[PDB]
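Residue numbers (the entry's author numbering): 10 to 131, 135 to 156, 160 to 170, 183 to 602, 605 to 742, 746 to 913, 917 to 934. Note that the Cβ used here is the ideal one computed from N, Cα and C, for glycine as well. Data first, discussion second: the structure below is written as structure tokens.
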Ligand SMILES: [Ca+2]
Ligand SMILES: [Ca+2]
Ligand SMILES: [Ca+2]
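Structure below.
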């Protein structure tokens, strides 16, 4: 905390009559004019007004003197004290009481040498300690206080309607803040890094936040404020939230990490807006070159969703040994972040852990300035960056807290069907202000200031990475109901730029962070996400502008946009893709990959795809001639875009720049989408640039979670029984020997956790495959059970058991029939005939015997010649689908029957 800003603000005019402002030097403190010599314009000044406040140290009497009292008029509280050294005029001042200062200073010829300020109680020189800043909040929007730009001047003058001491014509035309002074902005300064500020010449607080435009653009704010918030247009505004790092869960109410019966799982905060985008159906080659994304559940980033990885081998309810009706105590480790731009002070957030889809609460905690800090800085975090995360019981003011859920919900959380959201309340806190000395002092409730800022601005969120701290920004916009507001109007690009303190690089906006891994955020490089209302306002605007990019639309009060960073991004511009030429051009950037008339470019090192995530791939294409019609394909395939994967067949190219986009769910086969690539085949060349790849949320591994057991099979049905299933609503679908049955819903588990899926119109056991179908999407299957012809072969062969032999009443050493048990009809209609060889002789073929209920029988008189078998014959039996079914020797030991 430097506090160099505290002091006399001074207005340096070039002429002798306070009329052509040149610069506004802040924070002068005793040796006047000296701080301002850093301006190359300083020795050309002939009139200077200072304004500020003087602290009177001890009670008593002071005589006030200067260097060139000849050319100084000095009022304090309006009363003239020096007037070209025509009075010595004594002043009785009280101790610890402050007084307004107005110094004017003029020389009809000669530049002014520096100016000095002197004490006395009987000389001396005024310590910088007792020289303070003009009270900015109350010289703001009042009358009959005295003005910063008064026309009289006391020996055509600037107007400043606000009294935030930024002239009207400056707030409109543009200014900046270079060398701790405010100067009118000329475009040179942009190459030095200076930003072009504009603001409202009629409100002192354009974006309605605690500091006047001047305090913001200068520095009269807390030191922990993001540089962003110096722009009159982006607000000082906090975003305190809390993400979860570890989730522990015990069988007993003593859920503390490091303990018997206390399992501990790791977790990661993820922005909820993006994790609730439902992919859609894919756009593939269309004009009006922009994509877009809508979230239903658009969530401000002070409200984290929590991600869990189901690496685990076994359900967590089994991991601790609790059953259906026993409860599972649990506890967690968390970290508080401030995604905002302003430090919040004396905070007290109460925080709600909820289920995403059935908005049920789990628990609540309230944290005090004793449990977390006195304050939370902008972009800071408690516990700090290198530190371990504090525990729920260490966070909650009221100590530990019983948190119990059942086995059902606890395994749904592992499986990811219940996402665990952490909404945390914004109302309690305090903004900082600069005092007399230059250290933060709590200055007021944040709650009314937040409602006022939100009223007058839009909402911009940079969600970089599913584990990294987001940025919550608010940028003012016009008041559309007022046909006279002078809040400056800016496009989306200008707002994104201002919101994130982003810089240019070949016209390419880009965001540089503290981990210094810079990111391109111009429209083709990121992925935008809005709610429903902003979609309409954007699309309403882009029907009236034929050069249509989202970044061009006028930025309107009440919008909500989220920037989402791609996971692979090919901007053809460096030192890449196979069979493609770098060349020179580009949608954005400098170069712009191209392929030929059969040209078949693919990607060197394309992205890492996950087993049940869904992705979006976007590209920018043109023809490289006028009209030269060619036919493109854009794919994410394992065979150049010929099945298993995702192609978009591009029937439309001629001339200008167009988007081409497709989305897919890698659904138990990420490998099917290994390679991104463009095939061209037509009249002209093919240009393209800015290929991007966007990641959208993993789902439950349907195949992994199914576990199989047994095959079931008078009763006329086939059924597949599962011990474990996934916890998601799914469907099933049979493949009966190539043909695919209707999609059917999941049957309900009964008793045990057993689900069994079945097939009805079955007459003879045939090879079958059971597919698990996605809940909503009919084209997302996965095999979960299969019945193959070598298994059926085994079932047929076992379904033939031996009932007994048939001897004769009339001679009981002669046998006459072999009988098996009747087969069940689902099996028997699968045999067509039998073959029987008795006494190794001729292999007779006989038709399917008609069961005489309880057992089928073949006779032996005739495959054995005419002799009723031999007491020791060999009987062999086949049944064709041929399949040896029994091979047996007639023994006196076996079951026998007679007639
Ligand atoms: Ca002003
Ligand atoms: Ca203003
Ligand atoms: Ca480029």
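Reduced DSSP secondary structure (H/G/I, E/B, other) of residue 731 = helix
inquiry  = Classify residue 608: buried if its beta carbon has 16 or more other beta carbons within 10 angstroms, exposed otherwise.
reply    = exposed
task = State the Cα-Cα distance for the pair residue 448 and residue 388, rounded to the nearest angstrom.
result = 9 Å
ask   = Hey, out of 401, 715, 776 and 104, whose CA is closest to residue 373's CA?
value = Ranking the options by Cα distance to residue 373, first place goes to 401.
key: Which listed residue (481, 115, 760 and 305) has its alpha carbon closest to that of residue 804   = Considering only alpha carbons, the answer is 760.
request  = List in chain order: all unbroken beta strand (DSSP E) runs of 3+ residues lying wholly within the segment 850-910.
outcome  = 865-870, 876-879, 888-891 and 906-909
request  = When you get a sec, list the residues whose CB is within less than 6 Å of any heavy atom of ligand 1, chain order please.
outcome  = 187, 189, 191, 193, 198 and 228
ask   = What three-state label does DSSP hand residue 272 in the structure shown?
value = strand
ask   = CB of residue 256 to nearest heavy atom of ligand 2: below 6 Å?
value = no
Sequence-distant residues of its chain with Cβ nearer than 6 Å to residue 423 (five each side left out) = 392
task = State the start and end residues of the unbroken alpha helix (DSSP H) segment that holds residue 584.
result = Unbroken run through residue 584: none, as it is neither H nor E.
ask   = What's the C-alpha gap between residue 714 and residue 691?
value = 22 Å
ask   = Is there contact here, the segment 317-328 with the segment 460-474, by at least three beta-carbon pairs under 8 Å?
value = no
query = On the three-state DSSP scale, how would you describe residue 800?
reply = strand
query = Per DSSP, which one or two residues make a beta bridge with residue 764?
reply = 776 and 804
query = Anyone know if the C-beta pair for residue 123 and residue 42 falls short of 7 Å?
reply = yes
ask   = Which stretch, first to last residue, makes up the beta strand (DSSP E) that contains residue 35?
value = 30-37
inquiry  = Could you check if residue 231 belongs to the surroundings of ligand 2, using beta carbon to heavy atom distance under 6 Å?
reply    = yes
key: Among 15, 390, 709 and 370, nearest to residue 622 - alpha-carbon criterion   = 709
task = Could you check the C-alpha separation between residue 545 and residue 531 for me, to the nearest Å?
result = When rounded, the distance between both Cα atoms is 12 Å.
ask   = Closest to residue 705 by CA distance: which of 66, 630, 333 and 69 is it?
value = 630
request  = Go through the segment 550-599 residue by residue and report every complete run of the beta strand (DSSP E) that reaches 3 residues or more, in order.
outcome  = Taken in chain order, the complete beta strand (DSSP E) segments of 3 residues or longer contained in the segment 550-599 are 554-557, 587-591 and 595-597.
ask   = Is it buried or exposed for residue 572, if we count other Cβ within 10 angstroms and need 16 for buried?
value = exposed
task = Buried or exposed for residue 666, please, with buried defined as at least 16 other CB atoms from any protein chain shown within 10 angstroms of its CB.
result = Counting Cβ neighbours within 10 Å, residue 666 comes out buried, since at least 16 surround it.
task = Rounded to whole angstroms, what's the CA-CA distance from residue 28 to residue 168? Just pull it up for me.
result = 10 Å
query = For residue 328, is the classification buried or exposed, using 16 other Cβ atoms within 10 angstroms of its Cβ as the cut-off for buried?
reply = buried
query = For the putative contact between residue 332 and residue 298, defined by C-beta atoms under 8 Å, what is the C-beta separation to the nearest angstrom?
reply = 7 Å
ask   = With distances taken between CB atoms, is the gap from residue 505 to residue 516 smaller than 7 Å?
value = yes
inquiry  = Would residue 56 and residue 115 qualify as a contact pair, given that the criterion is a beta-carbon distance under 7 Å?
reply    = yes
message = So, for residue 204: in the same chain, excluding its five sequence neighbours on each side, which residues have a beta-carbon less than 6 Å away from its beta-carbon?
response = 244
task = Check residue 719 in the structure and name its three-state DSSP category.
result = strand
query = Hey, residue 104 and residue 68 are a contact pair by Cβ (cut 8 Å); roughly how many whole angstroms apart?
reply = 4 Å
ask   = Can residue 226 be considered in contact with ligand 2, in the sense that its beta carbon sits closer than 6 Å to one or more heavy atoms?
value = A heavy atom of ligand 2 is found nearer than 6 Å to the CB of residue 226.
ask   = When you compare only the Cα positions, how much space is there between residue 637 and residue 339?
value = 21 Å
query = Going by the CB atoms, is the gap between residue 143 and residue 16 shorter than 7 Å?
reply = yes
message = Which same chain residues end up closer than 6 Å to residue 898 when comparing Cβ atoms and leaving out the 5 residues on each side of it in sequence?
response = none
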